[PDB]
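Here the structure is laid out as structure tokens; the discussion comes afterwards.
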Amino acid sequence: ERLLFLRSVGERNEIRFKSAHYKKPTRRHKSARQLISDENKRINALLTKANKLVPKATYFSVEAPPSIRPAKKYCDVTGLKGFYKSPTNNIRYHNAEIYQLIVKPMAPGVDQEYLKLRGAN
Amino acid sequence: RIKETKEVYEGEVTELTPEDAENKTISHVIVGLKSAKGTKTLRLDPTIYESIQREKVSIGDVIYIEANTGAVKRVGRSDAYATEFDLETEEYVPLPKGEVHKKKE
Amino acid sequence: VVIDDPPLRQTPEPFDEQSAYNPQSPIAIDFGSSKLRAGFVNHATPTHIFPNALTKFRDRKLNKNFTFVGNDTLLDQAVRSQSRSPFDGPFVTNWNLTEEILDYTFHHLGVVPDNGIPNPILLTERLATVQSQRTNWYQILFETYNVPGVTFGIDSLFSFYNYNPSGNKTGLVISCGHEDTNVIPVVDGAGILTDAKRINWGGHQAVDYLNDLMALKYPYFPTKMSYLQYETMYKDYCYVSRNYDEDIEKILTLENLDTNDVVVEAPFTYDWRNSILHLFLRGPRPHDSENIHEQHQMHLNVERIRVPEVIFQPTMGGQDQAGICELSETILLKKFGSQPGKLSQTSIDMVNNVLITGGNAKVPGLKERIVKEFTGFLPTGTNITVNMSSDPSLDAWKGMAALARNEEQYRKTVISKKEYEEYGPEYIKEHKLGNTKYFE
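Protein chains in written order, with this note's numbering: chain S, 1328 to 1448; chain P, 49 to 153; chain C, 327 to 766.
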């Protein structure tokens, strides 16, 4: 049972909204990063043709540049000020009990997913 | 008994650009000061510019500017510029939460 | 101890139709950043709101392939769990799925079709969209459907048009949305996209950041909570601090602990003050590991500030870009003709007109934060006025409605099928409400 409600509404949705003689063109299916690479290649081809007019782009020129002010440092596991960074582990930590309670007995492979939040892995 | 006015400019050195206009001897200097209530800009003679140079003032330092006596006192580097290095000798001080331009009699 | 259960509860009546319609009247879809809504142009409010998701749900006793796309996912929790969005990242990777979504929307409108489509359409483009995606959208809306009227536009700039109906206003438009956060300067009602910037961080990345920190705070937990549970506790339990720096010293702590320190409870089955790790983890009260609820309980608030406050410092999120404050500062001071030391007149009225919008900007405390940092870098005595919308996701829909009320602007923004056939898919009308050219 249970299927009567979903069956009825799905009957209402599925039967008009299309032009004469158009259907699925069975095109190649690509992910987004593929589209960024093809577009980058496209304005790359345009600029290499122009070099043989002035350089301008849309999706890459709206990219925010890195900041000139040095960013605030934070602890990796707690999130307060990282006064200290462990040499072996490359982990920002707040104080001593945080260090000996988390940073020392951390099970290996967790430091990379720690740095993955800051993208330093 | 003498009456007197004290005019104080305070804040972080946002910009520092001495105009030379040689005819070595700078013509003047433009100085921007930043506080929590906003910022301002200041025009100064070369003598107080040299006195600024004798407090080792660079961009980001917090200074004390008095309008009449023309005395300069550095306070330290700003709190926003603390993490340029992990440990450095420069004393870090927060921004003045008041206005840049304070006056009293 | 105050506990909150997070399971999603939704079981509405089915979405429906409006048979009475005009075929010559334009229809508006507001994709935008939030990707949620649509409606008829003549009405002041949008008629329908969709989750932008598709469910393939095989029906038993008659086994065919079935589409349960859209607001049908709100009816059933399993159908909701089966759903996935058309968008992959910034853009849709499933165009036929988008066609199914659009046809479902057209059927829910109640229109009677004539050829492809009998009515003009209002469409929100993403800022600075890729040329291949421009061609993909063109072949979606014009060759597949023969449409009288097609518009291209940017949702936050539609929001600016909604709250500046004159169309000749300088301003600074920020947009904090589901996918990305953009800054756009506007001069005399015409936005400059050469000076515009954007950050890839969005609301979805914020919920993912919360999920990552949540995976890290308790590696061993008895229950795996869903994405939308994280979404609910993000929209209900995250607020912007007035400034991050002093408020991370006292982390709502000591006296302010046990006043606002909320413990989050799962759906179903040496001193405590001395250890900073214990205060961060299990809160102020002593931890009892024997309780099944408390083992299922989880202490939040520990850093509920970090999750909204990544947009000002994007390096916390892993993206090496500047924040909203720095980009707004360099737009307001360094660029647009202002020499460093005074604001230019266009920059002055840009300061006077600042709009926060997107629908992900409904996080509390954003307005006071952005006002305080705008006061931080600007010269003293310049008046700053920042305007906030009651429903910031809904501004773009009213914006294209208000442009549709503006007949000359609408006539300048319609692209018809003959131009797409003649100048090809490389060409776009240069609206003040549209994207500029790619090269030069």
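Backbone N, C-alpha and C fix where the C-beta goes; we use that ideal spot for every residue, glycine too.
Go to residue 727 (chain C), then tell me how far its alpha helix (DSSP H) extends in each direction, as first and last residue.
In the third sequence, counting from the first residue as 1, residue 727 (chain C) sits at position 401. Segment 721-731, the alpha helix (DSSP H) holding residue 727 (chain C).
Run through chain P and tell me which residues come within less than 9 Å of residue 701 (chain C), C-beta to C-beta.
Numbered from its first residue, the third sequence carries residue 701 (chain C) at position 375. Chain P residues near residue 701 (chain C): 84, 85 and 86.
Going by C-alpha distance, which of C:735, C:710, C:717 and C:678 is nearest residue 690 (chain C)?
Start at 1 with the first residue of the third sequence, and residue 690 (chain C) comes out as number 364. Answer by Cα proximity: C:717.
Let me see if you follow: with CB-CB separation under 8 Å, is residue 141 (chain P) close to chain C or not?
The residue labelled residue 141 (chain P) in the question sits at position 93 within the second sequence. No, because no Cβ of chain C sits closer than 8 Å to the Cβ of residue 141 (chain P).
Beta bridge counterpart(s) of residue 588 (chain C) as assigned by DSSP
Along the third sequence, one-based indexing puts residue 588 (chain C) at 262. Partner(s): none; residue 588 (chain C) has no beta bridge.
Out of C:330, C:327 and C:353, state which residue places its alpha-carbon closest to the alpha-carbon of residue 736 (chain C).
Start at 1 with the first residue of the third sequence, and residue 736 (chain C) comes out as number 410. Among C:330, C:327 and C:353, the Cα nearest to that of residue 736 (chain C) belongs to C:353.
With a cut-off of 8 Å, does the C-beta of residue 1352 (chain S) fall near any C-beta of chain P?
Translated into the one-based positions of the first sequence, residue 1352 (chain S) becomes position 25. Answer no: the Cβ-Cβ gap between residue 1352 (chain S) and chain P never drops below 8 Å.
Report, in whole angstroms, the separation of the C-beta atoms of residue 360 (chain C) and residue 719 (chain C), which I expect to be a contact under 8 Å.
Taking the third sequence and counting its residues from 1, one reaches residue 360 (chain C) at position 34. Taking the third sequence and counting its residues from 1, one reaches residue 719 (chain C) at position 393. So it is a contact: roughly 5 Å between Cβ atoms.
Cβ separation of residue 397 (chain C) and residue 341 (chain C), assumed to be a contact under 8 Å, to the nearest whole Å:
Here residue 397 (chain C) refers to the residue found at position 71 of the third sequence. Here residue 341 (chain C) refers to the residue found at position 15 of the third sequence. The beta-carbon separation of residue 397 (chain C) and residue 341 (chain C), rounded to 4 Å, stays under the 8 Å limit for a contact.
Chain-ordered chain S contacts of residue 458 (chain C) [CB-CB under 8 Å]:
Residue numbering aside, residue 458 (chain C) sits at position 132 when the third sequence is read from its first letter. Under the 8 Å cutoff, chain S gives 1362, 1365, 1366 and 1369.
Of all Cβ atoms in chain P, is any one closer than 8 Å to the Cβ of residue 706 (chain C)?
Here residue 706 (chain C) refers to the residue found at position 380 of the third sequence. Closer than 8 Å to the CB of residue 706 (chain C) there is at least one CB belonging to chain P.
In the DSSP assignment, find the beta strand (DSSP E) that holds residue 714 (chain C) and state where it starts and stops.
Translated into the one-based positions of the third sequence, residue 714 (chain C) becomes position 388. In the DSSP assignment, residue 714 (chain C) falls within the beta strand (DSSP E) that extends over 712-714.
Cutting at 7 Å between CB atoms, please list the residues of its own chain near residue 430 (chain C), excluding the five before and the five after it.
Stepping through the third sequence from its first residue, residue 430 (chain C) is reached at position 104. 395 and 396, listed in sequence order.
Can you tell me where the alpha helix (DSSP H) holding residue 80 (chain P) begins and where it ends?
The sequence position of residue 80 (chain P) within the second sequence is 32, counting from 1. Per DSSP, residue 80 (chain P) belongs to no alpha helix (DSSP H); it is in the beta strand (DSSP E), 76-83.
Examine chain S for any beta-carbon lying closer than 8 Å to the beta-carbon of residue 65 (chain P), and answer yes or no.
To locate residue 65 (chain P), count along the second sequence from 1; it is residue 17. No, its Cβ sits nowhere closer than 8 Å to a Cβ of chain S.
Express the C-alpha separation of residue 387 (chain C) and residue 473 (chain C) in angstroms, rounding to a whole number.
Position 147 of the third sequence, counting from 1, holds the residue named residue 473 (chain C). Position 61 of the third sequence, counting from 1, holds the residue named residue 387 (chain C). Looking at the two C-alpha atoms, the distance is approximately 39 Å.
Residue 145 (chain P): beta carbon under 7 Å from a heavy atom of the ligand GTP?
Ligands displayed in this structure: none; no statement on the ligand GTP is therefore possible.
Going by C-alpha distance, which of C:369, C:445, C:414 and C:345 is nearest residue 436 (chain C)?
For this step, residue 436 (chain C) is matched to residue 110 along the third sequence. Among C:369, C:445, C:414 and C:345, the Cα nearest to that of residue 436 (chain C) is on C:345.
Determine, using beta carbons only, whether residue 65 (chain P) and residue 706 (chain C) come nearer to each other than 8 Å.
Locating residue 65 (chain P) in the second sequence gives position 17, counting from the first residue. Locating residue 706 (chain C) in the third sequence gives position 380, counting from the first residue. Not a contact, by the Cβ cut-off of 8 Å.
So which residues on chain S does residue 60 (chain P) lean against when the C-beta distance must stay under 8 Å?
As a first step, residue 60 (chain P) is located in the second sequence; it is residue number 12 there, counting from the start. Under the 8 Å cutoff, chain S gives no residues; its nearest Cβ is about 12 Å from residue 60 (chain P).
Going by beta-carbon coordinates alone, are residue 595 (chain C) and residue 332 (chain C) separated by less than 8 Å?
In the third sequence, counting from the first residue as 1, residue 595 (chain C) sits at position 269. In the third sequence, counting from the first residue as 1, residue 332 (chain C) sits at position 6. By the CB criterion at 8 Å, residue 595 (chain C) and residue 332 (chain C) fall outside the cutoff.
Taking residue 543 (chain C) as part of the alpha helix (DSSP H), name the residues at either end of that continuous run.
Position 217 of the third sequence, counted from the first residue, corresponds to residue 543 (chain C). Looking at the DSSP string, the run of the alpha helix (DSSP H) that includes residue 543 (chain C) is 529-543.
Does the Cβ of residue 1348 (chain S) have 16 or more other Cβ atoms within 10 Å, making it buried, or fewer, making it exposed?
Residue mapping note: residue 1348 (chain S) aligns to position 21 of the first sequence, counting from 1. Counting of Cβ neighbours within 10 angstroms places residue 1348 (chain S) among the exposed residues, the total staying below 16.
Three-state secondary structure (DSSP) at residue 1369 (chain S)?
Indexing the first sequence from 1 puts residue 1369 (chain S) at position 42. Correct three-state label for residue 1369 (chain S): helix.
Under 8 Å between C-beta atoms of residue 650 (chain C) and residue 500 (chain C)
Locating residue 650 (chain C) in the third sequence gives position 324, where the first residue counts as 1. Locating residue 500 (chain C) in the third sequence gives position 174, where the first residue counts as 1. The answer is yes: Cβ separation under 8 Å.
Evaluate residue 441 (chain C) with the Cβ neighbour count: other Cβ atoms within 10 Å of its Cβ, from every protein chain shown; 16 or more gives buried, anything less gives exposed.
Your numbering for residue 441 (chain C) matches position 115 in the third sequence. Flag for residue 441 (chain C) reads exposed.
Residue 327 (chain C): which of C:427, C:751, C:585 and C:457 sits nearest, CA to CA?
One-based indexing of the third sequence puts residue 327 (chain C) at position 1. Minimum Cα-Cα distance from residue 327 (chain C) among the listed residues C:427, C:751, C:585 and C:457 corresponds to C:585.
Touching or not, the segment 1335-1344 of chain S and the segment 405-412 of chain C, by the rule of three or more beta carbon pairs under 8 Å?
Short answer: they don't touch.
Check the DSSP bridge columns for residue 374 (chain C) and list the partner residues they point to.
Translated into positions along the third sequence, residue 374 (chain C) becomes position 48. In the DSSP output, where bridge partners are listed per residue, residue 374 (chain C) has C:364.
Do we get a CB-CB distance below 8 Å when we pair residue 383 (chain C) with the residues of chain S?
Residue numbering aside, residue 383 (chain C) sits at position 57 when the third sequence is read from its first letter. Chain S contact via Cβ: present.
Backbone CA spacing between residue 672 (chain C) and residue 510 (chain C) [nearest angstrom]
Numbered from 1 along the third sequence, position 346 holds the residue referred to as residue 672 (chain C). Numbered from 1 along the third sequence, position 184 holds the residue referred to as residue 510 (chain C). The C-alpha of residue 672 (chain C) lies about 14 Å from the C-alpha of residue 510 (chain C).
List, in order along the chain, the chain D residues whose C-beta lies closer than 9 Å to that of residue 667 (chain C)?
Judged by its chain identifiers, the structure shown contains no chain D, and its protein chains are S, P and C.
Coarse secondary structure for residue 390 (chain C), derived from DSSP in three states:
Here residue 390 (chain C) refers to the residue found at position 64 when the third sequence is read from its first residue. Three-state DSSP puts residue 390 (chain C) in coil, outside helix and strand.
If the criterion is Cβ atoms closer than 8 Å, does the pair residue 764 (chain C) and residue 459 (chain C) meet it?
If you number the third sequence from 1, residue 764 (chain C) lands on position 438. If you number the third sequence from 1, residue 459 (chain C) lands on position 133. By the CB criterion at 8 Å, residue 764 (chain C) and residue 459 (chain C) fall outside the cutoff.
Exposure of residue 1340 (chain S), with buried meaning 16 or more beta-carbon neighbours within 10 Å
Residue 1340 (chain S) sits at position 13 when you count from the first residue of the first sequence. It is buried - the Cβ of residue 1340 (chain S) has at least 16 other Cβ atoms within 10 Å.
Let me check one thing: in DSSP terms, what residues is residue 502 (chain C) bridge-paired to?
As a first step, residue 502 (chain C) is located in the third sequence; it is residue number 176 there, counting from the start. Within the DSSP bridge table, the entry for residue 502 (chain C) names C:507 as partners.
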